[PDB]
Amino acid sequence: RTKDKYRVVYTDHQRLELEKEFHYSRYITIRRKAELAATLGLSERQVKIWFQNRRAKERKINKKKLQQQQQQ
DNA sequence: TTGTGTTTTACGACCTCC
DNA sequence: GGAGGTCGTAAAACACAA
C-alpha cells in the first residue's frame, strides 16, 4: 500500500530523516519505526520497506567498493 | 530529444526465528 | 503465536552524453 500510484517519490525532507536514522542504526526497531512513520507522514510499512531497500543499496555499494579494491 | 543506463518505491516468493 | 530478513525484479523517476 498504497497503489493507485505505482509508486510515490518521497520528499527531500522524508529522505533526509530516513538517511539520518539509517546512520544511527541499520535496522529500525518497532518503536522507532512507529515514531518515524508518524513524524514523517508515511506508514510503518513504507518505513519497513525503505529500510530494506537501503541495506540492499548498501550491499550493492559495498560490492562495487570491493570490486574497486580488487582492480587496484 | 532521446534513449539508455541508473536509482527509488513497492512487491512477491521464500526463509529464519523459540 | 507472525515479524521481519533477503533476493530479484517491475515500473516510475531521474541523470546525462550524444
Side-chain angles (χ1 to χ4, degrees):
Chain A
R1 318 100 106 174
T2 20
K3 247 181 140 89
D4 60 311
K5 234 172 242 312
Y6 183 69
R7 84 148 188 114
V8 156
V9 176
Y10 297 167
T11 60
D12 288 339
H13 187 245
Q14 284 159 320
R15 294 178 206 189
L16 181 96
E17 292 298 290
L18 302 158
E19 297 297 349
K20 292 193 287 180
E21 185 72 45
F22 193 69
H23 191 93
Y24 177 92
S25 185
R26 291 154 127 277
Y27 308 80
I28 202 153
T29 54
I30 287 148
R31 24 168 330 86
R32 249 148 213 273
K33 170 210 301 210
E35 289 164 29
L36 252 199
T39 93
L40 298 179
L42 293 185
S43 64
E44 296 203 63
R45 166 179 224 278
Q46 287 180 292
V47 169
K48 189 167 62 157
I49 297 316
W50 195 91
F51 271 80
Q52 290 167 30
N53 283 332
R54 185 73 191 70
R55 287 188 302 271
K57 192 196 161 93
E58 225 195 358
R59 284 188 299 271
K60 169 260 206 2
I61 284 158
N62 279 4
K63 280 189 269 213
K64 198 176 44 159
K65 278 154 155 222
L66 164 53
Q67 235 70 37
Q68 288 153 325
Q69 326 280 13
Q70 278 163 349
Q71 316 263 63
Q72 279 146 193

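Residue numbering restarts at 1 for every chain, and letters A, B, ... go by the order of the sequence lines.
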Sequence neighbours left out, cut at 3.5 Å: what donor-acceptor pairs do the side chains of residues 9-17 of chain A make with other protein atoms?
unit_1, atom_1, unit_2, atom_2, d
A/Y10, OH, A/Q46, NE2, 3.4
A/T11, OG1, A/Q14, N, 2.8
A/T11, OG1, A/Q14, OE1, 2.9
A/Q14, OE1, A/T11, N, 2.7
A/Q14, NE2, A/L40, O, 3.0
A/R15, NE, A/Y10, O, 3.3
A/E17, OE2, A/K20, NZ, 3.2

Q: Tell me, yes or no, whether the heavy-atom count around A/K63 atom NZ, taken from other residues, nucleotides or ligands under 6.0 Å, exceeds 12.
A: no

**Q.** Smallest separation among heavy atoms of A/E19 and A/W50, with atom names
**A.** N-CH2, 3.6 Å

(Q) Within the 4.5 Å heavy-atom criterion, are A/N62 and A/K65 side-chain neighbours or not? (A) yes

(Q) Please determine whether side chain to side chain contact (heavy atoms under 4.5 Å, CB included) holds for the pair A/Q68 and A/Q71, giving the CA-CA distance in whole Å, both sets of side-chain angles, and the decisive distance to 0.1 Å. (A) CA-CA 5 Å; A/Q68 288 153 325; A/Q71 316 263 63; 5.7 Å; no

Q. Which part of the nucleic acid, if any, lies within reach of A/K5 when heavy atoms closer than 4.0 Å are counted: base, sugar-phosphate only, or nothing?
A. nothing

Q.
Please report the interatomic distance CG(A/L66) to CD(A/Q70), rounded to the nearest 0.5 Å.
A. 4.0 Å

Q. So among A/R31, A/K33, A/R32, which one has a side-chain hydrogen bond (donor to acceptor under 3.5 Å, both in side chains) with A/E35?
A. A/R31

Q: Between protein and nucleotides 3-12 of chain C, map the contacts as a letter string: B base, S sugar-phosphate only, - none, heavy atoms under 4.0 Å, written 5' to 3'.
A: SSSBS--BBB

Q) For A/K64 and A/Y10, take the nucleotide of DNA chain B holding the closest heavy atom to each; which residue's nucleotide lies nearer the 5' end? A) A/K64

Q: On DNA chain B, reading 5' to 3', which nucleotide is the first and which the last to sit with an atom under 4.0 Å from a heavy atom of chain A, could you check?
A: B/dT7 to B/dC11

Q: Using a heavy-atom cut-off of under 4.0 Å over every strand shown, decide if A/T2 touches base, sugar-phosphate, or nothing.
A: sugar-phosphate

(Q) Quick check for you: to the nearest 0.5 Å, what is the distance between A/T2 atom OG1 and A/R45 atom CZ? (A) 10.5 Å

